[PDB]
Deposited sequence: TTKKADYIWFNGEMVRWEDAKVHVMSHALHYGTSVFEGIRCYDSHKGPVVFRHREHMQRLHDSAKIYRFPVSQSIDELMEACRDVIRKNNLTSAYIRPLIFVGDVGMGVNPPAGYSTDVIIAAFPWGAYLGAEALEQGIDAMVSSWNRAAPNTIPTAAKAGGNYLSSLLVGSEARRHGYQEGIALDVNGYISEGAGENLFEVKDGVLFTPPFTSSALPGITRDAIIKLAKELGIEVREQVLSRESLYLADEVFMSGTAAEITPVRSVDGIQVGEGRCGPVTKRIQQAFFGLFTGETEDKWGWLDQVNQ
C-alpha cells in the first residue's frame, strides 16, 4: 500500500481514492485493467514493457468501446509520476479504466465516460493441477480483452487448485485442449523445442509470453505455437508458466505426475537468465523494453 494514486488526472492520497457504490464496474464487470512491473535495473528504475502494456489497456477498451480520453503517452507519464511520487523503485503498477457512476443500465448512456486510476505499490516447480472448469469459448466473452469480469473464470480455476493442495490450476478450453493457467500463460518444452497454445485456444496475448518467444528466439530455440492436448503435460520434458506477476514459474508436477526429473528445466533456466539478464545488463535490450522512470 502507498500514498497517492493517480486518479483522473491528479494525484490523490491513498485514502481518498474512493468511488460510489453505484459505479457501473461494481455491478456489471465493466472495467479493463493491466499489470505492469517496474524493476530497479543497472540503470533502472525501469518499467518493463510500458508502451505495450498501455497499448493493451487501450485495446481492451477498444473491444468494449469504453471511451478513453488519455493517450498512451499521457497514461505512461502518469504511471511514471505515480512511481516517482511514491518513491518506489520496484513496484507492481496497476492501471484501471472503469465505467463509473453513470446509471444502472447495462448499456451506459451516450457521451458518458470512464474514470481512470493508476496505483502502484512495492513488489523447483510448483505442481499444478488440471481444473474441471473450462475457459471461455470463442465468440462469447473476448479472451483477448483483459476485462475485469473475465476474472470470475480465473477465480474458479484458481481457487479449485489452491483448495486441493496445488499452487496452480491449468485450464482446458471448451475443446479439451490446453488453454492456460488461471491467470498466466503455459509453455511446454518437448525435445528441446518450445510450444505454447495459440490465442484461439482462449489464451490471452500475454506480454511476458511475448517477451519469452522472443528471447527463445535469440537463444536459438525453435518455438512452435500450436494446440496442445491434455496428455502433453504428462509427456513434456519442461513446463512453465509466465505472467507479469509470476515471470517464469517452473511447474514440476501436474496432477501429481512428475514433469521430468521434478523440475530442473534446462531450457527454462536458459530463458530465465535471458530474462533477468535484461535488468542486469547481461541481456541486450534489442527491442527496447526498459523505460526508466527517472528520465
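Residues of the deposited sequence lacking C-alpha coordinates, numbered from 1, fall in the stretches 1-3, 127-136.
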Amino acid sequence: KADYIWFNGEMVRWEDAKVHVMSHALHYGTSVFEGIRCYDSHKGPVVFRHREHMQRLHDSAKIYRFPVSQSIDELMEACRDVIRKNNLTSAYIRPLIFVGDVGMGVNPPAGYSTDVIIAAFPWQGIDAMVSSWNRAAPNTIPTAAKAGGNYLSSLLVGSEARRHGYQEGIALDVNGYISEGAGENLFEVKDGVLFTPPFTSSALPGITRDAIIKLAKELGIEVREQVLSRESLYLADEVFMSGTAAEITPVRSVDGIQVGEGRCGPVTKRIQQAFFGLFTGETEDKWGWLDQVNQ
From here on, numbers count along this sequence of modelled residues.
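Each form is matched to the other, and the largest set of C-alpha atoms that superpose within 1.5 Å is called the rigid core.
RMS Cα deviation from the shown model in 4 other deposited structures of this protein, rigid core fit, is larger for 42-50 than for the other stretch of the pair 56-64 / 42-50. Choosing between 124-132 and 142-150, the greater Cα displacement from the shown form in 4 other deposited structures of this protein, fitted by the core, goes with 124-132. Relative to its counterpart among 205-213 and 84-92, 84-92 has the higher mean temperature factor, C-alpha atoms as listed in the PDB entry.
The deposited model assigns a higher average Cα B-factor to 41-49 than to the other stretch when 41-49 and 228-236 are compared. Within the selection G260, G243, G29, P250, the deposited Cα B-factor values reach their highest point at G260. Among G265, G256, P67, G35, the highest C-alpha B-factor in the deposited entry belongs to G265. When the modelled residues of the chain are ordered by their C-alpha B factor, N150 lands in the middle third.
Compared with the other modelled residues of the chain, the Cα B-factor recorded for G105 ranks in the middle third. When the modelled residues of the chain are ordered by C-alpha B-factor, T196 sits in the middle third. Sort the chain's modelled residues by C-alpha temperature factor and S71 lands in the middle third, per the entry.
Sort the chain's modelled residues by C-alpha temperature factor and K18 lands in the middle third, per the entry.
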